[PDB]
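Working notes, beginning with the structure itself.
Positions are given from 1, in the same order as the sequence printed here. For ligands, and for the atoms within them, numbers begin at 1 and follow the listed sequence. Values below: all heavy atoms of this structure, side chains included; hydrogens, waters and symmetry mates excluded.
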Amino acid sequence: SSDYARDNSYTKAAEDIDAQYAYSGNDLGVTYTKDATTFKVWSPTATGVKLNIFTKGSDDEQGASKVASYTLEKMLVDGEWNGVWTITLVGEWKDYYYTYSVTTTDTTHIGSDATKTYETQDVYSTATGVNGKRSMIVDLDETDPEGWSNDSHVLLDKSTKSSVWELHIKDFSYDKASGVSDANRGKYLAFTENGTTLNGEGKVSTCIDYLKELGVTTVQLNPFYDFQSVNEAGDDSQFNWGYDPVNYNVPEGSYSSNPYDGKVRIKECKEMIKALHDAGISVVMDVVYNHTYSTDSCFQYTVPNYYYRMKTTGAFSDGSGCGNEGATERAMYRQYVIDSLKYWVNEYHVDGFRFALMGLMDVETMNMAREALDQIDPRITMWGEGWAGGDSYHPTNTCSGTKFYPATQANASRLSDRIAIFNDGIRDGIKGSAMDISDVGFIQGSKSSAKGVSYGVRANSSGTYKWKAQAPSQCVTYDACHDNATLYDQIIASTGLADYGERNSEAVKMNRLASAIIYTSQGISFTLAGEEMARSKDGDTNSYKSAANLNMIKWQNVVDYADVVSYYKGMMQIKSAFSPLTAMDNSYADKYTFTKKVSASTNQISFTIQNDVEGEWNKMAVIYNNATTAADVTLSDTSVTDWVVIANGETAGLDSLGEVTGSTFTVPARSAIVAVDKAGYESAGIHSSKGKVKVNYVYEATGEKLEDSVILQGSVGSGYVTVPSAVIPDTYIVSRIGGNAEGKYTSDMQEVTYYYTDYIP
Ligand SMILES: OC[C@H]1O[C@H](O[C@H]2[C@H](O)[C@@H](O)[C@@H](O[C@H]3[C@H](O)[C@@H](O)[C@@H](O[C@H]4[C@H](O)[C@@H](O)[C@@H](O[C@H]5[C@H](O)[C@@H](O)[C@H](O)O[C@@H]5CO)O[C@@H]4CO)O[C@@H]3CO)O[C@@H]2CO)[C@H](O)[C@@H](O)[C@@H]1O
Ligand SMILES: OC[C@H]1O[C@H](O[C@H]2[C@H](O)[C@@H](O)[C@@H](O[C@H]3[C@H](O)[C@@H](O)[C@@H](O)O[C@@H]3CO)O[C@@H]2CO)[C@H](O)[C@@H](O)[C@@H]1O
Ligand SMILES: [Ca+2]
């Protein structure tokens with residue numbers, strides 16, 4: 001998978017088009033007023049453009065008809081054409097649908113009568129009907145929900161303070177146990193529902209209330225731009241991630257209550273974002289400018305062979321692996337992408353972007369995009385995949401006359417340090433190769449996978465292993481995303497400890513260890529939505545068009561893995577409390593002291609971090625143990641000999657779990673230790689405001705434990721639900737319960753004992 005600079009008649013032509021016709025004007029699309037509406041289409045290849053007006057978005061709908069057709073005239077400046085077609089219809093034209101008929105040549109046959117006519121929606125569509133075939137004239141202020149003018153961006157001071165929850169809108173609430181109303185399940189409006197509980201039983205929180213409690217800073221949403229792969233008129237059981245773009249600046253219709261009325265999806269999309277903002281959560285949008293679903297697109301139908309990268313042979317370059325790739329190096333696609341980003345930020349109050357196959361997008365465009373978004377607010381986050389999905393064929397230079405560079409990991413040094421790149425280094429290091437679900441990483445016991453973790457600990461910004469980030473700010477730290485297998489599915493497949501979606505005590509230990517690594521590592525901490533509750537896709541390693549009920553978040557898991565949720569919740573608090581871990585720059589690189597060589601093949605990774613921030617802990621000690629037995633780990637750094645443990649295999653948080661004197665720590669099997677200096681802990685005054693519930697499993701006759709006790713942890717006053725241990729053999733059954741199996745967290749710890757007796761199933 002490589003990139004190749006090849007100049008040819010298509011690239012030659014497109015460059016000449018940019019020289020003459022490039023339009024920096026800021027009014028492409030509809031310019032609606034109550035008095036009149038002006039339409040504008042950029043097409044230097046066209047000989048004529050007609051405007052077609054309709055009553056409805058599709059012909060099937062009630063009262064569907066065509067109002068009239070009009071002819072656009074060339075926009076002349078001092079009797080010179082600037083490449084833009086225009087027309088102004090005087091009167092009220094809101095809530096009417098429209099589409100252009102573009103008679104045009106290709107880029108390499110301008111001036112000839114080798115023309116074709118295509119019917120297409122507006123390239124700069126702000127709204128469309130069902131299945132995005134017809135554009136809609138809309139007053140955008142009519143789509144504003146209640147108090148939208150009072151809705152601000154939710155931005156982090158530092159991107160490296162984030163905790164990203166990568167979520168699909170359908171997956172969020174499609175499960176009936178979500179407790180979300182019948183109308184809104186798997187829809188935009190699901191986010192607006194406060195007070196949702198598991199099976200609406202009013203005992204444990206789900207959806208938005210669950211996120212408030214978990215304490216995630218950021219929700220990254222899978223494509224909610226308009227895509228092809230769901231029929232918006234069809235059945236509700238349809239599923240797709242939606243990496244199949246059609247209209248870039250239009251919400252997806254499937255996630256709305258009514259896709260036929262183009263305004264409805266816009267309103268409900270804003271209500272989703274307002275809800276997340278009101279919950280104090282930042283919203284990142286997954287964007288896919290790297291390709292469109294088909295070359296039968298609004299871009300091609302307007303200006304054929306301009307917007308896509310063309311090979312010498314006339315074939316579309318297939319760098320995406322999806323049939324085409326967007327020519328970001330072109331003047332009017334660069335501008336489109338940058339204008340698109342600004343639109344979503346300004347109109348929909350989007351706080352950041354995850355760029356799909358950023359490696360197919362040229363570095364200059366990305367830095368220009370960073371600079372443009374900086375003008376709004378530099379806290380607006382940017383990150384993406386620093387790779388392609390195939391071979392890419394591009395021109396030597398951009399439309400600026402600077403050399404084309406793809407925004408890959410290899411070219412991280414040429415890319416803004418506030419455009420982060422997914423660190424597959426630490427990903428593969430933690431839980432094994434993402435390309436093979438059965439492959440083992442560090443947590444399953446791979447010693448050679450340790451170096452991947454150790455380099456990931458400093459966001460692959462200290463030394464070089466596979467790739468190098470400029471700083472932690474340019475690194476997304478993660479163990480799994482929507483692609484490939486979930487963390488827990490890979491744990492299961494690679495070990496064979498149980499079936500997919502089945503709880504196993506050793507698997508959970510490995511899951512907890514992954515948590516400890518992610519939140520004692522530098523960079524932008526990132527997880528798949530439900531990693532904290534051992535999310536499973538039943539071994540599906542590419543669930544892009546798999547069943548909806550397979551993909552959906554199983555909300556029963558907030559109870560079944562409540563202890564795992566509690567662990568992540570605590571680990572998150574540790575990172576947010578300790579500044580070195582959330583550093584943007586390389587200030588703390590030389591403050592790390594690894595016990596063993598960073599590249600060591602080892603069962604036990606350990607290091608200390610010297611802090612310099614007053615009012616915080618002075619020094620943190622982190623140990624990862626992947627051995628099946630407990631290990632005594634002696635730190636090479638002996639400067640501190642008085643420690644307070646704030647994380648172990650049982651729990652993580654801001655509270656003391658015991659003290660250690662000296663430089664040696666006994667680390668349990670398949671577990672992490674996080675400790676901080678005694679003096680620092682005492683002075684800083686960083687303490688937990690969360691309650692705890694200890695769950696025990698005892699054989700009543702002997703009084704002996706059948707399974708290790710676990711810890712739940714949550715806000716004082718918030719509801720918890722405990723359950724019997726799923727892994728205890730079927731020859732025992734619960735006979736009696738001590739303490740409150742269900743209740744609210746208190747400041748003082750509560751205990752729940754499940755008393756077991758002999759059983760024969
Ligand atoms: O045949 C005529 C037709 O050809 C082109 O378009 C074709 C492609 O050539 C075909 O390959 C096919 O495309 C399929 C893929 O084959 C199929 O794998 C799938 O792609 C999925 C991935 O499976 C899925 O993993 C996901 O990948 C995402 C990642 O999740 C995301 O993290 C990352 O950022 O982005 C990648 C994708 O780049 O999503 C993709 C896409 O949904 O589905 C596609 C689409 O069906 O079929 C198309 C369409 O026929 C020409 O483009 C077209 O003009 C011509 O008519
Ligand atoms: O193409 C995008 C892709 O890039 C990265 O994948 C690389 C892997 O990290 C690397 O191991 C290797 O993958 C090989 C598999 O391990 C092996 O099982 C077999 O399938 O051959 C593969 C060679 O292609 O190479 C790829 C890069 O080509 C990144 O980690 C992925 O997330 C991403 O999808
Ligand atoms: Ca759609």
Completion exercise
Here the atoms of ligand 1 under 4.0 Å from any heavy atom belonging to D244 are 41 (C), 42 (O), 45 (C)
Exercise for the section: Provide the number and element of each atom of ligand 1 under 4.0 Å from a heavy atom of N324. Expected result: 52 (O)
My question is simple, although I want it checked carefully: is [atom] less than 4.0 angstrom from any protein heavy atom?
| atom | value |
| --- | --- |
| atom 52 (O) of ligand 1 | yes |
| atom 19 (C) of ligand 1 | yes |
| atom 30 (O) of ligand 2 | yes |
| atom 25 (O) of ligand 1 | yes |
| atom 42 (O) of ligand 1 | yes |
| atom 1 (O) of ligand 2 | yes |
| atom 45 (C) of ligand 1 | yes |
| atom 12 (C) of ligand 1 | no |
| atom 17 (C) of ligand 2 | no |
| atom 23 (C) of ligand 2 | no |
| atom 1 (O) of ligand 1 | no |
| atom 12 (C) of ligand 2 | no |
| atom 29 (C) of ligand 1 | yes |

Fill in the blank from the handout: Filtering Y243, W241, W387 for the heavy atom nearest atom 35 (O) of ligand 1 leaves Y243
Completion exercise
A student comparing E385, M435, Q409 should find that the heavy atom closest to atom 6 (O) of ligand 2 comes from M435
State, with a plain yes or no, whether a side-chain heavy atom of [X] is found less than 4.5 Å away from one of [Y].
| X | Y | value |
| --- | --- | --- |
| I443 | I491 | yes |
| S163 | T218 | no |
| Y308 | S297 | yes |
| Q121 | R134 | no |
| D318 | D391 | no |
| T477 | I426 | yes |

Handout entry: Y243/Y544 aromatic ring centres below 6.0 Å
Key = no
Problem - Centroid separation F526 to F422 less than 6.0 Å - result: yes
Strictly below 4.0 Å, N to O, side chains only: are [X] and [Y] in salt-bridge contact?
| X | Y | value |
| --- | --- | --- |
| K554 | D171 | no |
| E232 | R265 | yes |
| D362 | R334 | yes |
| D424 | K466 | no |
| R354 | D286 | yes |
| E329 | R309 | yes |
| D261 | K267 | no |

Is the terminal nitrogen or CZ of [X] (NZ for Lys, CZ for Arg) located under 6.0 angstrom from the six-membered ring centre of [Y] and within 45° of that ring's axis?
| X | Y | value |
| --- | --- | --- |
| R185 | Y174 | no |
| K311 | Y393 | yes |
| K545 | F239 | no |

With heavy atoms only and a cut-off of under 4.0 Å, state how [X] meets ligand 1: side chain, backbone, both or neither.
| X | answer |
| --- | --- |
| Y544 | side chain |
| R354 | side chain |
| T295 | both |
| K545 | neither |
| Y293 | both |

Problem - Option passing ring pair (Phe, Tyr, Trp, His ring centres under 6.0 Å) with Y124 (candidates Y336, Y248, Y343) - result: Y336
What residue and heavy atom of the protein are closest to [atom], and at what distance?
| atom | answer |
| --- | --- |
| atom 5 (C) of ligand 2 | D424 OD2, 4.0 Å |
| atom 9 (O) of ligand 2 | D428 OD2, 3.9 Å |
| atom 15 (C) of ligand 1 | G321 O, 4.6 Å |
| atom 23 (O) of ligand 1 | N542 ND2, 3.1 Å |
| atom 48 (C) of ligand 1 | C322 O, 4.2 Å |
| atom 56 (O) of ligand 1 | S294 CB, 4.4 Å |
| atom 38 (O) of ligand 1 | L357 CD1, 3.3 Å |
| atom 32 (O) of ligand 1 | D483 OD2, 2.5 Å |

Practice task
Consider every N or O of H482 and every N or O of ligand 1, then say whether any pair is closer than 3.5 Å.
Solution key: yes
Exercise for the section: May I ask you to check whether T292 has an N/O atom sitting below 3.5 Å from an N/O atom of ligand 1? Expected result: no
Handout entry: Number of protein N, O or S atoms [distance to the Ca ion (ligand 3) under 3.0 Å]
Key = 4
Practice task
Find the distance between CZ (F442) and OG (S454) and round it off to the nearest 0.5 Å.
Solution key: 7.5 Å
Handout entry: For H394, ring-ring contact (aromatic ring centres under 6.0 Å, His included) partners two or more places apart
Key = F404
Problem - Atoms of ligand 2 close to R427 [distance to a heavy atom under 4.0 angstrom, numbered from 1] - result: 29 (C), 30 (O), 31 (C), 32 (O)
Handout entry: Numbered atoms and elements of ligand 2 in range of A388, under 4.0 angstrom, heavy atoms
Key = 1 (O), 2 (C)
Handout entry: Min heavy-atom dist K466 to ligand 2 below 4.0 Å
Key = no
Exercise for the section: Give the ring-plane orientation class for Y255 versus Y188, where under 30° counts as parallel, over 60° as perpendicular and anything between as tilted. Expected result: perpendicular
Practice task
Return yes if some donor-acceptor pair links the side-chain N/O of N324 with the main-chain N/O of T295 below 3.5 Å, else return no.
Solution key: no
Handout entry: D436, any N or O under 3.5 Å of ligand 2 N or O
Key = no
